[PDB]
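Only one chain is given next, in structure tokens, and it is the form deposited in one PDB entry.
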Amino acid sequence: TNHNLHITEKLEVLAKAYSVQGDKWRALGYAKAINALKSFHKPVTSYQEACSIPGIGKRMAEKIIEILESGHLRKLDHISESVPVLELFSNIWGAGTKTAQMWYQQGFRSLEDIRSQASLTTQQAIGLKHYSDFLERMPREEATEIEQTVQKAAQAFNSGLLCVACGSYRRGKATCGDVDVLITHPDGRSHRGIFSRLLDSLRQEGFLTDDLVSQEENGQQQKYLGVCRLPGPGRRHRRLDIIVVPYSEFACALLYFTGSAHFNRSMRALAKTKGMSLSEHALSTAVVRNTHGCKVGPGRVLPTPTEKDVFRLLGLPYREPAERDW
């Protein structure tokens, strides 16, 4: 429940500008600050009141003060005019800040420019084709139907397969940007080489319409990122992500795929302070790092049969999916 709309809305514009211009760390600090403000019980009113909140420092406090006194924020007036166009371009799935800036430098200004003149990767041409649809969020009811479509095709050739929708869906959101389906098998073996069968069952259905990321050649494929559409009238194309994991990694894979992203990053950061390491595969202990925080020794994987175990081993109180937006 945000009690600081006047501040955050202005800061969000600044954050996105830095983000789309490639200033990733400056944008990160803004994100942390902006959210911290979203959580503060009351309207911040003093410069000193700003500083007290974790994630807000001198420079951010000064901008808050400027908004409180002026009603405007000077920096917003000197945002480059490239920014709306950079944002337009990097909302193409598969194009990031580097591609957007290259396109801009080549003189492109519109998606029509991109369509007719830009060189597109196979991913980007798919992203552009679905530009509007990928910017839409679906109601969670539709996410349920998509999960069930995948689960049916998976359990059709192995009833032992376990399928759960994660991401925003498992965090209880009303709408979902995509559907994230985690698949595993409680015997630790039969999960192997099933992207092959699953993806083909979903193609023969006509359910999958485009593949973005799908390394089907080597046999150790971990993820499928693609595009699906439910049958019948009134249906939009939706983004679909599927991961298949060993049963031993279920808790960590669940935790990762449920998110939020900032939640994962906070948790991973905490583990690092404890000489541990957390990934989608495993929670590890006795991890040896150099002075730049870079792993140089692998450490021991800890047994983590459930999500609660991960929290426990990290010395943290358990948090339900709905409580993990930050």
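Numbering starts at 1 and follows the sequence shown. If you superpose the two forms and keep the largest set of C-alpha atoms that fall within 1.5 Å, you have the rigid core.
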| query | finding |
| --- | --- |
| Higher-scoring stretch by recorded Cα B factor average, 277-285 or 41-49 | 41-49 |
| Of 90-98 and 210-218, the one with larger mean CA B-factor | 210-218 |
| Residue of maximum C-alpha B factor among 137, 237, 192, 223, per deposited coordinates | 192 |
| Largest Cα B-factor, entry values, listed residues 262, 26, 292, 272 | 292 |
| Position of residue 82 among the chain's modelled residues by C-alpha B-factor, lowest, middle or highest third | middle |
| Residue 76, C-alpha B-factor rank within chain (lowest, middle or highest third) | highest |
| Ranked C-alpha temperature factor of residue 157 among modelled chain residues, by third | highest |
| For residue 141, the third of its chain into which the C-alpha B factor falls | middle |
| Chain third (lowest, middle, highest) by recorded CA B-factor, residue given as residue 197 | highest |
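What comes next is about the form deposited in another entry, which is not displayed.
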item: Mobile residue between this form and the one not shown, C-alpha criterion 2 Å or more, rigid core, from 219, 186, 206, 107; value: 219
item: C-alpha of residue 58 off by 2 Å or more between this form and the one not shown on rigid core; value: no
item: Rigid core superposed: residue 289 CA moves 2 Å or more between this form and the one not shown; value: yes
item: Did residue 72 shift 2 Å or more between this form and the one not shown, C-alpha, core superposed; value: yes
item: Change in CA distance between residue 293 and residue 252 in the other entry, which is 3 Å or more, as closer or farther; value: farther
item: Direction of C-alpha distance change in the other entry, residue 291 to residue 310 (at least 3 Å); value: farther
